[PDB]
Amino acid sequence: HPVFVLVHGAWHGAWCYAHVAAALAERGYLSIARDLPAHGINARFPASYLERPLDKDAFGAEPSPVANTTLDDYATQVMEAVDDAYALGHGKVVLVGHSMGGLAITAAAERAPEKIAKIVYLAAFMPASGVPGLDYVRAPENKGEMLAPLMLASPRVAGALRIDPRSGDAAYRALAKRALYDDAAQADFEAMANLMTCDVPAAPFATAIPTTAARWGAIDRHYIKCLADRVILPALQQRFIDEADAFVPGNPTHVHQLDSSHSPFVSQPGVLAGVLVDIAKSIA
């Protein structure tokens, strides 16, 4: 039983994996899930976020207190989690990234592939060598992405992409659920929205990752494609898969289809845990 390292996405924290981790633990699998820099217990909030009712002008303009967080910072934290998971002595690890977390795990795996048995992209950025995540967000394959209407700051002004999980506007809160959690129970959504933060560093999205076939490319590679994802659309998920397949011909991606929104860790954590166990048992 390899140990899983679970890496969350933008505005989220390790808490989003709570149900999945419990299901894995019951199935006999250990997991390490930690907050990325600038997220969770590491979050910082603009003063404008705590002055209510929200002044959209001020909240749009305020320089982010997490603007200087980098993709390298993300990679460093993930690599530390891989180290600890490896040191627990069950061999090489299964490294899982969701959404923006795919950028962090990609960077980590190229820098230090040795301790990683399998790398898993759950509805995540799995970018081509040298291509920043932002290029994908604006790609034709992602036309329709439902995050655009939730944006409350210009990244050129704020140094972050900003949302308001504490909005008192019914339309905004409905859109947040439709975009990230359409298949979730309303109460589950509200509990997640309570834990979300408002600022995600902009710079990591504009940072190319210099992957190579011999390092990142050599790792047994899985993509869990979420067929009703409204933010990283299925066509964009498939572009990532097709690019990796062309890049490393002798090590094609192992694809796992899930009929889910972007957030199966809330809507079907038991099923997601089952896919992860399948991956852990898979033969490379």
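From 1 onward, residues are counted along the sequence shown.
In this crystal structure, the stretch out of 21-29 and 5-13 whose C-alpha atoms carry the higher mean B factor is 21-29. Higher mean CA temperature factor, per the PDB entry, when comparing 149-157 with 191-199: 149-157.
Listed residues 47, 233, 224, 38 were ranked by CA B-factor as deposited; 47 comes out on top. In the deposited entry, the Cα temperature factor of residue 240 places it in the lowest third of its chain's modelled residues. Per-chain ranking of the deposited C-alpha B factor places residue 120 in the lowest third. Sort the chain's modelled residues by C-alpha temperature factor and residue 43 lands in the lowest third, per the entry.
Sort the modelled residues of the chain by CA B factor and residue 77 lands in the middle third.
Looking at the C-alpha B-factors along this chain, the one for residue 177 belongs to the lowest third.
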